[PDB]
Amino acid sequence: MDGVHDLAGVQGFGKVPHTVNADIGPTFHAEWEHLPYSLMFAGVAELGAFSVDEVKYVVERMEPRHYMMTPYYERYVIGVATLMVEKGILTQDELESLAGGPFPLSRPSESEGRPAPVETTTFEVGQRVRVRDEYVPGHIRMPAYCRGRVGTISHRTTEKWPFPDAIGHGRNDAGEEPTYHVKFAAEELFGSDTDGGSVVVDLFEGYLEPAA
């Protein structure tokens, strides 16, 4: 999903709000902030109601202006609440009654997702690959800066995981794939407008193809 959450390469932001080894304070800065992750794990591990991928996607589905002005831990409060409503566990009415006011949720999905690809390739370390030039309206673990770009394989994982574009929509056809550390030259991704060396993106097999 080409949403505002896909921030890598966006220009115009200011300084990162940190200097090295500065005090970051406690783990949680307010008494509620442990709740979104805790309740995420309840939903995944105890209820079996959703996957972690569905949590990533529902945060992607926040209305874009809403995403941009919401602090990090609040986005996950909104996202977990939204999944609980969508899955039929809770109602928005009861959330708003308990909250004593408005509790706007993420927007409905505009895509049913897509299955794990049927035709993929097992790549080897040192091989050149291209990121498939595809557009996915639902969930995908491919930042747009690498779409269509060429890099080389630095690692193939020894484990395999469900394809995000399926499991992020709660589908039954996510299969399993390894991922690949794909190293891109900075100039492949941003031309002359970069001061870096290389970027390594961890890409599902189903996002890749042999380079020309």
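Don't overthink the numbering: it's just position in the shown sequence, from 1.
For the stretches 19 to 27 and 196 to 204, which has the higher mean C-alpha B-factor as given in the deposited record?
That would be 19 to 27.
Report the stretch with the higher mean CA temperature factor, choosing between 117 to 125 and 83 to 91 on the basis of the entry.
Comparing 117 to 125 with 83 to 91, the higher mean C-alpha B-factor belongs to 117 to 125.
Highest Cα temperature factor in the entry, among the options 145, 57, 41, 67: which one is it?
Largest recorded C-alpha B-factor: 41.
Highest recorded C-alpha temperature factor, please, choosing from 4, 1, 8, 211.
In the PDB entry, the greatest C-alpha B-factor among 4, 1, 8, 211 is found at 211.
Grab the CA temperature factor for residue 45 from the record and place it in the lowest, middle or highest third of its chain.
Highest third - that is where residue 45 ends up once the chain's C-alpha B-factors are sorted.
Using the B-factors in the PDB entry, rank residue 175's C-alpha atom against the chain and give the third, lowest, middle or highest.
Its C-alpha B-factor, which the entry lists for residue 175, ranks in the highest third among residues of this chain.
Please rank the C-alpha B-factors of the chain's modelled residues and tell me whether residue 149 sits in the lowest, middle or highest third.
Middle third - that is where residue 149 ends up once the chain's C-alpha B-factors are sorted.
Test of reading the entry: by CA B factor among the chain's modelled residues, which third contains residue 160?
Tercile = highest for this residue's CA B-factor.
Which third, lowest, middle or highest, does the C-alpha temperature factor of residue 96 belong to within its own chain?
For residue 96, whose C-alpha B-factor we compare with every modelled residue in the chain, the answer is the middle third.
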